[PDB]
Amino acid sequence: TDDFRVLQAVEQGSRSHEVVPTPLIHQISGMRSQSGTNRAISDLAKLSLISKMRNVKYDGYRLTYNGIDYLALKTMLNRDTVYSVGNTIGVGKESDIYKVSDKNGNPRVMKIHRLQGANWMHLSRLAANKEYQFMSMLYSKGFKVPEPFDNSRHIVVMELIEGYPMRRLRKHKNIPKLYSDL
Amino acid sequence: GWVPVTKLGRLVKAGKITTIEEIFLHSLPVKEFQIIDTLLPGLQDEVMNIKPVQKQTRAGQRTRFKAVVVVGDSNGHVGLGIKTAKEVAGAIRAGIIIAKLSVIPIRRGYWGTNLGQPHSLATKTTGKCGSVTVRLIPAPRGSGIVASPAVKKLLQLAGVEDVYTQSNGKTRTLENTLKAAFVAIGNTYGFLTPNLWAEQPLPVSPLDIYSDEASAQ
C-alpha cells in the first residue's frame with residue numbers, strides 16, 4: 001500500500017512542472033530520510049523506470065515508458081482488474097495488444113498505448129480516453145462490439161472474444177441474410 | 001636568465017638602482033616582479049586563503065581556486081595579491097606574483113619617546129574597502145599586535161611591532177578586511193606631519209641620469 005502510494009505521489013509529482021529534478025522527488029514523496037527516496041529512484045533507474053537528465057547546474061529525472069504501468073496496475077488494483085501479465089497477440093501501430101488474466105482467472109486484453117517526458121505518455125492517455133469514449137458511444141448506441149472494462153490512464157483493458165477473421169471463413173449457409181446484414 | 005622588457009627593468013638588471021627607495025621616491029609604476037625579487041631578497045610571502053570557487057564557464061561546471069596571498073618583509077614593505085586560477089598551485093604562484101607587484105612601503109614610528117628603533121606607527125591611520133574599515137592607533141613598546149590573526153599576520157609581515165586596531169563593518173569577508181588594512185598601512189606615507197614640513201629640492205629621476213643606458217636598441 002505504502003510504496004504504491006508514494007509511487008502514486010511521484011506520479012502526482014509529474015503534473016506540476018516539466019522534467020522533474022531530484023529534490024522534488026525527495027520532497028513530493030515527503031518520506032523520512034535519504035534512504036527511501038534515493039534507493040527508490042535507483043530501483044527506478046536500474047529497472048529503466050526513470051532516467052537522469054543532467055542539464056548544466058541542473059539534475060533532473062526523465063520518466064520513460066517503463067515506470068508508469070505499475071501505477072496503472074495499481075490503478076487497476078483499485079478497479080478489480082488484471083493480476084497476471086503477458087501473452088503477445090498483435091503488435092499494432094498505436095498500441096501493443098497482450099493477453100492477460102485477472103485474479104478471477106478470466107483472460108482479458110491489455111492494449112498498452114505508446115504514441116519523451118510528458119507528450120508520449122499524455123498522447124497515449126488522450127488516445128486511450130478517446131477510444132474508450134468511442135467504445136462507450138458504440139455500446140450506448142447498441143453496436144455489437146467488445147465490452148470495455150477500463151482505460152487505466154493510457155492502457156485499455158477489455159475482454160477477449162472467441163472470433164476469427166473472415167479471410168479464413170469459406171462461407172455460411174445463410175449468405176443473402178449475411179449480405180442484408182452487411 | 002631573465003631578460004627585461006621595460007626600461008625600469010633593464011636599469012634594475014644593470015645594477016644602476018640599489019634600493020626601491022628610488023622607485024618609492026619617484027612614484028613609479030612597476031610592471032616586473034623580478035625587480036621586486038632582486039631588490040627584496042629577504043621578502044617572505046605567506047598565503048592567507050585558498051578556496052575552491054565553482055565556475056559556470058560555457059556549459060561547464062568547473063572548479064577554480066581563489067588565492068589571497070600576502071608578501072612582506074620583516075621590515076616595512078608589504079604586498080597584497082588576490083588571484084583566481086584553474087589550479088591550486090597556479091593560483092598560489094600568481095597570487096604571490098600579484099602581491100610582488102603591489103608592494104608599498106610603510107612609515108613605522110614611535111609612541112611617546114625617541115629611543116632606539118621605531119616600533120609602533122607614527123600616526124593614526126584608516127583604510128576602507130567594502131564596508132570594512134580598519135583603524136590603526138599607535139601603541140607603547142612591547143604591546144604586541146591587537147588584531148585579528150589575518151590582519152595580525154599582514155602586520156607581522158610589515159615589521160609593525162605595536163599597534164591597536166579597531167574595525168567596523170562585516171569583517172567576515174576577509175579579502176575586504178585585508179584590503180582595508182592594506183590601504184590603512186599604505187596611507188601612513190600619506191599624512192603630512194610637522195617634522196616633514198622642511199622644504200626639499202626635487203631630485204632627478206634615474207630615467208634621465210641613466211637615459212643613455214637602458215634604452216631600447
# chains A, B, ... in the order shown; residues from 1 in each chain; ligands from 1
>>> closest_atom_pairs(of="chain A", to="chain B", cutoff="12 Å", atoms="only C-alpha atoms", output="Markdown table")
| residue | atom | partner | partner_atom | distance |
| --- | --- | --- | --- | --- |
| A:54 | CA | B:59 | CA | 11.2 |
| A:55 | CA | B:59 | CA | 8.6 |
| A:56 | CA | B:59 | CA | 5.8 |
| A:57 | CA | B:61 | CA | 6.8 |
| A:58 | CA | B:61 | CA | 10.3 |
>>> write_last_selection(atoms="N, CA and C atoms", output="compact mmCIF listing (two decimals), in the first residue's frame")
# COMPACT_ATOMS: atom_id res chain seq x y z
N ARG A 54 21.06 15.53 -16.97
CA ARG A 54 21.90 16.48 -16.25
C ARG A 54 22.20 17.67 -17.17
N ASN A 55 21.29 18.64 -17.17
CA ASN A 55 21.46 19.87 -17.94
C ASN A 55 22.02 20.94 -17.02
N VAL A 56 23.06 21.64 -17.49
CA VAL A 56 24.15 22.26 -16.73
C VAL A 56 23.69 22.97 -15.46
N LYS A 57 24.33 22.62 -14.33
CA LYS A 57 23.99 23.00 -12.95
C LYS A 57 22.63 22.47 -12.50
N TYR A 58 22.07 21.47 -13.19
CA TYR A 58 20.67 21.06 -13.00
C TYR A 58 20.51 19.55 -13.21
>>> select_by_dssp(residues="stretch 3-154 of chain A", states="alpha helix (DSSP H)", output="PyMOL selection string")
chain A and resi 3-11+22-29+34-46+69-78+119-141
>>> select_by_dssp(residues="chain A", states="strand (DSSP E)", output="JSON, numbers by chain")
{"A": [51, 52, 53, 54, 55, 58, 59, 60, 61, 62, 88, 89, 90, 91, 96, 97, 98, 99, 100, 101, 107, 108, 109, 110, 111, 112, 148, 149, 150, 151, 152, 155, 156, 157, 158, 159]}
>>> residues_around(residues="stretch 95-110 of chain A", least_positions_apart="4", cutoff="12 Å", atoms="only C-alpha atoms", output="JSON, numbers by chain")
{"A": [69, 72, 73, 76, 77, 79, 80, 81, 82, 83, 84, 85, 86, 87, 88, 89, 90, 91, 114, 115, 123, 124, 125, 127, 128, 131, 146, 147, 148, 149, 150, 151, 152, 154, 155, 156, 157, 158, 159, 160, 161, 162]}
>>> residues_around(residues="residue B:45", least_positions_apart="3", cutoff="10 Å", atoms="only C-alpha atoms", output="PDB file with C-alpha atoms, in the first residue's frame")
ATOM      1  CA  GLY B  42      64.545  38.770   2.160  1.00  0.00           C
ATOM      2  CA  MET B  48      46.190  33.870   3.658  1.00  0.00           C
ATOM      3  CA  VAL B  69      48.413  35.893  -0.707  1.00  0.00           C
ATOM      4  CA  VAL B  70      50.437  38.451   1.256  1.00  0.00           C
ATOM      5  CA  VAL B  71      54.125  39.029   0.681  1.00  0.00           C
ATOM      6  CA  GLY B  72      56.030  41.048   3.192  1.00  0.00           C
ATOM      7  CA  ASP B  73      59.434  41.938   4.512  1.00  0.00           C
ATOM      8  CA  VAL B  78      54.099  44.898   2.307  1.00  0.00           C
ATOM      9  CA  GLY B  79      52.261  43.418  -0.651  1.00  0.00           C
ATOM     10  CA  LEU B  80      48.793  42.006  -1.280  1.00  0.00           C
ATOM     11  CA  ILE B  96      52.444  35.632  -4.997  1.00  0.00           C
ATOM     12  CA  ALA B  99      51.488  40.583  -4.296  1.00  0.00           C
ATOM     13  CA  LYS B 100      55.037  41.173  -5.572  1.00  0.00           C
ATOM     14  CA  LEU B 157      54.798  40.847   7.556  1.00  0.00           C
TER      15      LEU B 157
END
>>> residues_around(residues="residue B:7", least_positions_apart="4", cutoff="7 Å", atoms="only C-alpha atoms", output="MDAnalysis selection string")
chainID B and resid 11 214:215
>>> atom_distance(atom1="atom CA of residue B:41", atom2="atom CA of residue B:95")
18.0 Å
>>> atom_distance(atom1="atom CA of residue B:2", atom2="atom CA of residue B:33")
11.1 Å
>>> residues_around(residues="stretch 166-176 of chain B", least_positions_apart="6", cutoff="7 Å", atoms="only C-alpha atoms", output="PDB file with N, CA and C atoms, in the first residue's frame")
ATOM      1  N   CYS B 129      37.559  49.301   2.652  1.00  0.00           N
ATOM      2  CA  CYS B 129      37.271  48.523   1.456  1.00  0.00           C
ATOM      3  C   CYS B 129      35.983  47.762   1.696  1.00  0.00           C
ATOM      4  N   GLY B 130      35.044  47.896   0.772  1.00  0.00           N
ATOM      5  CA  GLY B 130      33.713  47.390   1.031  1.00  0.00           C
ATOM      6  C   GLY B 130      33.117  48.198   2.154  1.00  0.00           C
ATOM      7  N   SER B 131      32.511  47.516   3.115  1.00  0.00           N
ATOM      8  CA  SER B 131      32.118  48.152   4.358  1.00  0.00           C
ATOM      9  C   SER B 131      33.140  47.948   5.456  1.00  0.00           C
ATOM     10  N   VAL B 132      34.273  47.331   5.156  1.00  0.00           N
ATOM     11  CA  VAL B 132      35.265  47.087   6.192  1.00  0.00           C
ATOM     12  C   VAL B 132      36.123  48.329   6.355  1.00  0.00           C
ATOM     13  N   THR B 133      36.101  48.907   7.548  1.00  0.00           N
ATOM     14  CA  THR B 133      37.012  49.977   7.907  1.00  0.00           C
ATOM     15  C   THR B 133      37.940  49.479   8.998  1.00  0.00           C
ATOM     16  N   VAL B 134      39.231  49.723   8.819  1.00  0.00           N
ATOM     17  CA  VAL B 134      40.261  49.322   9.767  1.00  0.00           C
ATOM     18  C   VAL B 134      40.988  50.573  10.226  1.00  0.00           C
ATOM     19  N   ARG B 135      41.032  50.785  11.536  1.00  0.00           N
ATOM     20  CA  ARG B 135      41.654  51.950  12.135  1.00  0.00           C
ATOM     21  C   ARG B 135      42.859  51.501  12.940  1.00  0.00           C
ATOM     22  N   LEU B 136      44.011  52.095  12.645  1.00  0.00           N
ATOM     23  CA  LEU B 136      45.271  51.780  13.296  1.00  0.00           C
ATOM     24  C   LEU B 136      45.664  52.925  14.211  1.00  0.00           C
TER      25      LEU B 136
END
>>> residues_around(residues="residue B:190", least_positions_apart="5", cutoff="12 Å", atoms="only C-alpha atoms", output="CSV table (one decimal) with N, CA and C atoms, in the first residue's frame")
chain,number,residue,atom,x,y,z
B,104,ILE,N,54.0,48.2,-1.2
B,104,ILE,CA,54.0,49.6,-0.8
B,104,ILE,C,54.9,49.6,0.4
B,105,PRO,N,55.5,50.7,0.7
B,105,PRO,CA,56.2,50.9,2.0
B,105,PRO,C,55.3,51.3,3.1
B,106,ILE,N,55.9,51.3,4.3
B,106,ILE,CA,55.1,51.8,5.5
B,106,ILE,C,56.0,52.8,6.3
B,107,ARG,N,55.4,53.6,7.1
B,107,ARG,CA,56.1,54.5,7.9
B,107,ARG,C,55.9,54.1,9.4
B,122,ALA,N,53.5,55.9,13.2
B,122,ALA,CA,53.8,57.3,13.5
B,122,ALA,C,52.5,58.1,13.8
B,123,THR,N,51.4,57.8,13.2
B,123,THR,CA,50.1,58.5,13.5
B,123,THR,C,49.0,57.5,13.6
B,124,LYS,N,47.8,58.0,13.7
B,124,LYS,CA,46.6,57.1,13.4
B,124,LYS,C,46.4,57.1,11.9
B,125,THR,N,45.9,55.9,11.4
B,125,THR,CA,45.5,55.7,10.0
B,125,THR,C,44.2,55.0,9.9
B,126,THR,N,43.7,55.0,8.7
B,126,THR,CA,42.4,54.3,8.5
B,126,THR,C,42.3,53.9,7.0
B,127,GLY,N,41.9,52.7,6.8
B,127,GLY,CA,41.6,52.2,5.5
B,127,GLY,C,40.2,51.7,5.4
B,183,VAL,N,45.2,49.3,2.7
B,183,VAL,CA,45.0,50.8,2.5
B,183,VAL,C,45.4,51.6,3.7
B,184,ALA,N,45.1,51.1,4.9
B,184,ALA,CA,45.5,51.8,6.1
B,184,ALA,C,47.0,51.8,6.3
B,185,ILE,N,47.7,50.8,6.0
B,185,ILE,CA,49.1,50.8,6.1
B,185,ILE,C,49.8,51.5,4.9
B,196,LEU,N,58.0,66.9,8.8
B,196,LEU,CA,58.3,66.8,7.4
B,196,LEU,C,57.7,68.1,6.7
>>> atom_distance(atom1="atom CA of residue B:98", atom2="atom CA of residue B:27")
18.1 Å
>>> closest_residue(among="B:101, B:201, B:90, B:75", to="residue B:155", atoms="only C-alpha atoms")
B:75
>>> closest_residue(among="B:205, B:163, B:212, B:87", to="residue B:26", atoms="only C-alpha atoms")
B:205
